[PDB]
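> structure for this input, please:
(chains A, B, C and D, ligands or ions: 4)
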Amino acid sequence: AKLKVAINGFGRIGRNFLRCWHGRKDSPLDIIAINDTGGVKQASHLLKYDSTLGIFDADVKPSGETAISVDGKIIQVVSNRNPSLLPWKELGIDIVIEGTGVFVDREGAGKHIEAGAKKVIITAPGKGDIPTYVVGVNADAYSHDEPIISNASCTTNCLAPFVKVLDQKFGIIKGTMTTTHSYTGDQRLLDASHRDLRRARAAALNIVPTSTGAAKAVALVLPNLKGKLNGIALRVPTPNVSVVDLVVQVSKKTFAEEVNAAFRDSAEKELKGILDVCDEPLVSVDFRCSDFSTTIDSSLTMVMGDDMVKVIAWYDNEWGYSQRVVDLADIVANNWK
Amino acid sequence: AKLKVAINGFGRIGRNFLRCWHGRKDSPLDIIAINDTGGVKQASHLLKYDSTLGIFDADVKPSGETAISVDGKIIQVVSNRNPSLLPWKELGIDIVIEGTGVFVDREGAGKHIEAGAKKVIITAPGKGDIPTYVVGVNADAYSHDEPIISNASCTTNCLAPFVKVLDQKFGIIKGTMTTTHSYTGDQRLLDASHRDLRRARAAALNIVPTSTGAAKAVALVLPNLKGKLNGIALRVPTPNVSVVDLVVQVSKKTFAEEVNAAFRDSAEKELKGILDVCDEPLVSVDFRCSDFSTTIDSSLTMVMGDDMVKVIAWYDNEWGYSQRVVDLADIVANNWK
Amino acid sequence: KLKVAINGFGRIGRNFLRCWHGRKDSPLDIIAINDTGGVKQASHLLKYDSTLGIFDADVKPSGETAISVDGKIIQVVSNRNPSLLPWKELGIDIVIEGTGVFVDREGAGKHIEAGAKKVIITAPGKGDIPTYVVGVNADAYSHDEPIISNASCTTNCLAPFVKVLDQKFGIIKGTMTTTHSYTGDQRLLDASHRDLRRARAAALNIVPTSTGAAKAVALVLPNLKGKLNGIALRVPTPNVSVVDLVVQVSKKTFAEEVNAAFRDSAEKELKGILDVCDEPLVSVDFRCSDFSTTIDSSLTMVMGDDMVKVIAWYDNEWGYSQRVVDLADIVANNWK
Amino acid sequence: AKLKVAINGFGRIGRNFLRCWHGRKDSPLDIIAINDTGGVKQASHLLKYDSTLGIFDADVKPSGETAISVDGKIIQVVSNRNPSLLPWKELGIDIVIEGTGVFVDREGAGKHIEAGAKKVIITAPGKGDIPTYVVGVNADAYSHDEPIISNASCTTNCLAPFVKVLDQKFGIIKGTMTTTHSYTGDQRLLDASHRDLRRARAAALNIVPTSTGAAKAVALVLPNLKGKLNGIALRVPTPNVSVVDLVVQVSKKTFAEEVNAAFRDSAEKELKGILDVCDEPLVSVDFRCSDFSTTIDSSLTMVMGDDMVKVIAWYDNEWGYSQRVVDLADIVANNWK
Ligand SMILES: NC(=O)c1ccc[n+]([C@@H]2O[C@H](COP(=O)([O-])OP(=O)(O)OC[C@H]3O[C@@H](n4cnc5c(N)ncnc54)[C@H](O)[C@@H]3O)[C@@H](O)[C@H]2O)c1
Ligand SMILES: NC(=O)c1ccc[n+]([C@@H]2O[C@H](COP(=O)([O-])OP(=O)(O)OC[C@H]3O[C@@H](n4cnc5c(N)ncnc54)[C@H](O)[C@@H]3O)[C@@H](O)[C@H]2O)c1
Ligand SMILES: NC(=O)c1ccc[n+]([C@@H]2O[C@H](COP(=O)([O-])OP(=O)(O)OC[C@H]3O[C@@H](n4cnc5c(N)ncnc54)[C@H](O)[C@@H]3O)[C@@H](O)[C@H]2O)c1
Ligand SMILES: NC(=O)c1ccc[n+]([C@@H]2O[C@H](COP(=O)([O-])OP(=O)(O)OC[C@H]3O[C@@H](n4cnc5c(N)ncnc54)[C@H](O)[C@@H]3O)[C@@H](O)[C@H]2O)c1
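Numbering: from 1, shown residues only, chains lettered A, B, ... in the order given. Ligands and ions are numbered 1, 2, ... in the order given. Now the structure:
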């Protein structure tokens, strides 16, 4: 029997998750329900038409007053803001993909379990006693008896992979980081109220600085990096695809070329499929739909004074993350005891 | 400087309104209250820094604990979602500029009167039987009796002025209209749930067609055009300033240079300070902060088959419309029995 | 089997080669590219496209004077002068002239005046010059024509359904405005330009720009001379445009009648050319469409029984390029 | 006195320079000639209308078919792409503002001298060993017998001022830098021909990596920094205003607060008018028209491990740089032997 999956929050990560899964090969999962404040009208139209991804090459037509049909498969489209009131027990849901961005805390994520679901995966950094995992970095450490887990944030998944390599092979004493990130739906379209007075500013018109937890989050999946990193973010006028700029003071003297090699190795061995060295003089858009969590721009790699390293890595924050979420969902399935 | 004003909803229109007023000489109005759910802190910032208007050149310091000082003017910042509860009777408020876009009908805007306010000017099309005006067109018909009134939409403020001219000097049989408009708060930064599947699409990435009653609305301020006009709107990737494309069939044969000559007459006469004719080959950004609700782009004026006329008009949907809310508010102020 | 040479490896040039590469069995064999920017920049720019996406194939350079696209090998020359182009030495029949410069006989000629026996200007042509819009009057093409124009992306969207309208309601007169994505002609930031409007920052403004498009329709549909006209409105999108046609017909009519008319033609004389969309979509949705003109059904309006307003979507780069790869097919076919 | 000035390359810097100068009071300069490839047509129109600066608050209009008048002051408008053929000897041109970005070496700039002008100020880095200066950092070292000088790049002018403070106050051992920069006229609107395959990609749709010689140009005006810094650039979809993300390893151990304090200190003394510290949460737009070459974003300053400092400074590449160009021209005109 295949694991039954419910998607809470059919937004950007929610919809990228389905389209990722769809393109999967022998998914140990079966998306059978969606939930979101909108009904079939939105859930359907928005899954078929995407300004970022494009039109979904699949049949996406409503399927009755409460469901959509994707290539013959029917998916229940429920619509209740209160997770405690979802047909999870009634639909026999195994894994819930929490993509609302408003149930990332344990008491909130647990509501899904109270409602029937046996497990919940927060598509964002979690709050509370929530184990955090990053595929290719430490998801191997997951345990079947853990009901609620976090897949972290899109920046930690780009950072973690190559921080692992850098630390292991050179020993990261300390470092700082900056992610020039594509704007998200959290910022405003035009100057408007927001708890953060910077995110309140017209998103597509500005370079908007904002904090990030990635630098400190890395320490959750890479214990050794605890207290060593630190960083910020610069939201820029692009709809998707971002880049993280890391500078670390390594313990072992090295050079740009030696560093890029280390990555290419990793790309072939342990981080096979998660990391990827690019040697082409490309640009942001060239990475739309990149299945890699982190792609080093090898030619940008710098080494100042023998031990100060600069590394720029690309990532598609919507797609790349979503794929990762799927990989973690598959991991949670394969450990299903 | 005489009548006490309170601004409900300190969004784009509200703040534009405040700056417009702040710039008038010898004013009937005195702004003493801003209701904003975001608090003094947020109001002070978004008023001072504007991604569209630039830094407001005035000393904007907070005043006391619940007010702000604009060039020495103390303005109270209250904060309640329910208009019925605002300290209007307490502050002595005469006119309320409804700028939330969620209290457009009588019961809605009516709450301000319950609250102690004497009159309400809805900065948007009203719902049901609500007096509607357009300065330069029918604002003189305002009766000091009417407690709640409408200043129509920004597009309706661009048409009426020159449709008044076309229908008068050429008789309008019928026409159609398409307004290439800048995006606005009602659109989504990225594809996301919205009642209008067109508006749910990433604003700064597409050309979004959307309906608009502006066409029909002209029939309220210019009775003669009832049922004669109709149109749509195409939202485009610009933060501010819009253009109206009008095509009317007149009854009196004519040519381009005459139509334009006509518009220039209204400019120096019955439509001074409202209608304007531009002869230089400009672009949208050149019309930022234009005090004219409508500016004809003469070199674009075309006449096909002696009586099918096309007129292209420019307008700052934010600024210009606000200059009009102030004008209507001034009319209300100088007709206070 | 009919040696083709792409002159000007720009948006169209490169969009052209990709559309063609996609054709299941073309009578066209592209043997040479000629741009003012070396082979490397040629292979690279072809492989990665901000608007099209990564070109799914194998675009690796084959030597310092040619590239190997998905097996085949295309020579890549580089000369600012057509006269100096190795057309005879390569045996070119038709040179797709997509540089934007040589758009008249004296200019486009140098190509034929150096080898090629036929040129297809990917834009309007100066004065007396054979113009063709596939699906409207491409049949009138006689092999006698040494040079021909495939019109502009807008005329190819306007001509199709403007025909359907006249043939079914008869256009008395008409006006037209095109909300168009900016293009290479425009400056990135305010900088000198012949056209004071095209000098303004493309991505920051709604830029009014004049166009032939409307009058052009007259050329492909003689029955419209002296009736249509209109301006263009450049907007902050890098691709896809929309034409807003307003015509006064003689035959009293209404919205759904007009649409019904479009839907028929859609699956008859205009299948693959015109299409009717009944979905509340947006510009980006129409990226890579193969129809010169896609009517946005729900936007069709009719005032006073005989004033019709129709909105049609078209990918100004791909859609147009597809027709160029067709007006080439037309040519190849009627080869005497 | 009052040296006669000529502007070569009426581009962004050329036009911003004129407006910067125009706004000065008591200027030792008098701009009396403009050379570009457009003539009075473009010249008048583009000086008046600016999608970035807005409408120039001056009476701009052509004077004859070979000059223009700005507030009555008439300025010649020549048009020859070959400096050698410029009317410098007859116009009595003293100093030339070279902003074509194509005559940036001695053989190039020299052509202006060969044509009559006494001095040349390259509004960009010079090729070879042209005397480079950065106002506030070393422009005082300028010598009257140096015919051709360079005002360095815009990034260098931003970075130089606060690098001067950091090294002076904490001692810079080594550092790396990343400038998220607005796109300029050197990038292409849509994917087109360019020697650089990154800058070839549509500018307003990507984050574009691109080299920068700023990091090492700093060593030119602050010798102690030679060999110690490297860096990269990332062009983003904004029309104007940039930010440099600087990370350095210092000798003296410090903390975020100590660093900012030093900037404010310098800000009020040695770098007065050149450096500023911003304490409010602003975005890129809020910095348009800043006369400072470098404005620190105090709240972003971080220190990791006692001595790895990360500083962020904003700057209007166009307007800011131009203000410094006027300053360098003043400096040149005040040591006129
Ligand atoms: N876009 C990215 O780059 C990205 C990447 C990684 C992780 N994330 C994380 O994913 C989460 C969602 O991000 P997003 O970009 O998709 O945002 P989004 O706005 O597109 O999606 C949120 C969705 O949840 C729905 N929703 C809100 N409250 C709800 C409720 N009570 N019940 C049901 N549905 C509700 C909304 O209608 C919407 O469809 C956040 O935690 C975010 O931090 C985002
Ligand atoms: N943007 C334009 O060009 C424009 C032009 C003319 C008319 N209008 C109309 O003006 C209105 C506002 O438009 P806007 O663009 O300024 O939008 P906006 O989103 O910037 O402003 C709406 C404001 O009202 C506040 N608000 C919402 N509910 C409230 C409540 N119950 N109590 C108090 N404040 C509340 C919001 O938080 C916000 O500050 C709409 O009716 C709109 O149609 C807009
Ligand atoms: N982009 C569109 O949507 C579009 C649509 C339809 C028709 N067109 C027409 O196509 C033409 C080109 O448009 P584009 O968008 O591809 O522009 P573009 O600037 O990208 O392409 C022009 C190309 O020609 C090259 N070129 C210029 N002069 C040359 C010379 N002397 N020799 C060789 N190569 C030379 C350039 O380096 C470039 O590769 C124009 O005539 C335009 O009207 C464009
Ligand atoms: N915009 C910035 O951020 C910036 C900042 C600092 C320094 N700079 C430097 O300033 C220079 C100009 O940059 P810009 O952005 O103002 O460029 P730009 O494209 O806006 O202007 C360059 C101008 O020079 C003219 N020109 C080119 N060749 C010419 C010739 N032979 N004769 C006469 N005029 C000629 C062009 O027509 C144009 O008006 C470049 O060297 C650039 O590196 C630019």
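
> drop to CA atoms for contacts and neighbour counts, all remaining ones
Fine.

> show me the contacts for residue A:172.
By CA atoms under 8 Å, 6 or more residues apart in numbering or on different chains, the contact list for residue A:172 reads A:166, A:225, A:228, A:248-251.

> helix, strand or coil for the single nearest residue of the stretch 51-200 of chain A relative to chain B?
At 5.3 Å from chain B, residue A:189 is the closest residue in the stretch 51-200 of chain A, using CA to the nearest CA. The three-state label given to residue A:189 by DSSP: H, G, I helix; E, B strand; the rest coil is coil.

> my guess is it contacts residue B:190. True?
No. Shown here, residue A:189 and residue B:190 do not form a contact pair, counting by CA atoms under 8 Å, at 9.1 Å.

> next, show the common contact partners of the two.
Joint contacts of residue A:189 and residue B:190 (CA under 8 Å, 6+ apart) are residue B:203.

> okay, now residue A:299: neighbour count?
Neighbour count of residue A:299, defined by other CA atoms under 10 Å in any protein chain shown: 17.

> that one and residue A:282 touch, don't they?
No. Contact between residue A:299 and residue A:282 fails when scored by CA under 8 Å: they sit 10.3 Å apart.

> contacts only, for residue A:11.
Contacts of residue A:11 (CA under 8 Å, 6+ apart): A:99-100, B:192-193.

> how much space between it and residue A:322?
Residue A:11 is 12 Å from residue A:322, where distance means CA to CA, to the nearest Å.

> could you pull up phi and psi at residue A:4?
phi -90, psi 120 (degrees, to the nearest 10).

> what's the spacing between it and residue A:89?
11 Å.

> also residue A:289?
34 Å.

> ok so, going back, higher neighbour count, residue A:4 and residue A:89?
More crowded of residue A:4 and residue A:89, by other CA under 10 Å: residue A:4, with 20 against 15.

> quick check: beta-bridge partners of that one?
Under DSSP bridges, the beta-bridge partners of residue A:4 are residue A:30.

> who wins on neighbours among the contacts of residue A:172?
residue A:248 leads the contacts of residue A:172 on contacts (other CA under 10 Å) with 25 neighbours.

> mind listing the strands for the stretch 151-300 of chain A?
Along the stretch 151-300 of chain A, counting by DSSP state E, counting those that start in this stretch, strands occupy A:172-182, A:208-211, A:231-236, A:242-250, A:295-296.

> next SSE downstream of the shortest one?
Moving toward the C-terminus from strand A:295-296, the first helix or strand encountered (DSSP states H and E) is strand A:302-304.

> hmm, the following helix or strand past that following strand in reach of chain C?
Downstream of strand A:302-304, the first helix or strand assigned by DSSP H and E is strand A:308-315. No. If you take CA under 8 Å from any CA of the partner chain as the test, strand A:308-315 misses chain C, and the best it gets is 16.0 Å.

> mind listing the strands strand A:308-315 pairs with, and their directions?
Looking at strand A:308-315 with DSSP bridges, its partner strands are strand A:242-250 (antiparallel), strand A:295-296 (antiparallel), strand A:302-304 (antiparallel).

> in JSON lines, list those along with distance to residue B:172.
Conversion of the strands paired with strand A:308-315 to JSON lines gives the following (distance: least, CA to CA, whole Å):
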{"stretch": "strand A:242-250", "distance to residue B:172": "53"}
{"stretch": "strand A:295-296", "distance to residue B:172": "62"}
{"stretch": "strand A:302-304", "distance to residue B:172": "69"}
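
> of all the ones you listed, which lies closest to residue D:58?
With distances scored as CA to CA, the stretch of the strands paired with strand A:308-315 nearest to residue D:58 is strand A:242-250 (42.4 Å).

> re earlier: residue B:259 is nearest to which of the strands of the stretch 151-300 of chain A?
Of these, nearest to residue B:259 by CA to CA is strand A:231-236, at 45.1 Å.

> report whether that closest one contacts chain D.
Yes. Using CA under 8 Å from any CA, strand A:231-236 reaches chain D at A:232, A:236.

> show me what that strand is packed up against.
strand A:172-182, strand A:208-211 (3 or more CA pairs under 8 Å, 6 or more residues apart in numbering or on different chains; DSSP states H and E).

> contacting residues around it?
For strand A:231-236, using CA under 8 Å, 6+ apart, the contacting residues are A:176-183, A:203-204, A:206-215, D:236-237, D:300.

> domains of chain A?
Domain ranges of chain A: A:3-152+A:318-337, A:153-317, per curated CATH domains.

> just send the contacts of residue A:172 back as CSV, with distance to ligand 3 too.
Putting these into CSV (distance: CA to the nearest ligand atom, whole Å) gives the following:
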residue, distance to ligand 3
A:166, 42
A:225, 48
A:228, 48
A:248, 41
A:249, 44
A:250, 45
A:251, 49
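
> nearest to ligand 4 within chain A, name that residue for me.
Closest contact between chain A and ligand 4, by CA to the nearest ligand atom, is at residue A:207 (15.9 Å).

> for that residue, what are its contacts?
Residues in contact with residue A:207 (CA under 8 Å, 6+ apart) are A:234-237, D:238, D:283-285.

> how close does it sit to chain B?
As judged by CA to the nearest CA, to the nearest Å, residue A:207 and chain B stand 11 Å apart.

> try residue A:225
Taking CA to the nearest CA, one finds residue A:225 at 34 Å from chain B.

> just to revisit the earlier point, quick one: closest of the strands of the stretch 151-300 of chain A to ligand 1.
strand A:172-182 (7.7 Å).

> show me which positions of the closest one end up buried.
A:172-182 (16 or more other CA atoms under 10 Å in any protein chain shown).

> tell me which two of those sit farthest apart.
Maximum pairwise distance among the buried residues of strand A:172-182 (CA to CA): 29.2 Å, between A:173 and A:182.

> what about whichever residue of the stretch 101-250 of chain A sits closest to chain C, how many residues nearby?
Residue nearest to chain C within the stretch 101-250 of chain A: residue A:205 (9.7 Å; CA to the nearest CA). Using other CA under 10 Å, the number of residues around residue A:205 comes to 24.

> just give me the closest of the contacts of residue A:11 to chain D.
Nearest to chain D among these: residue B:192, at 20.8 Å, using CA to the nearest CA.
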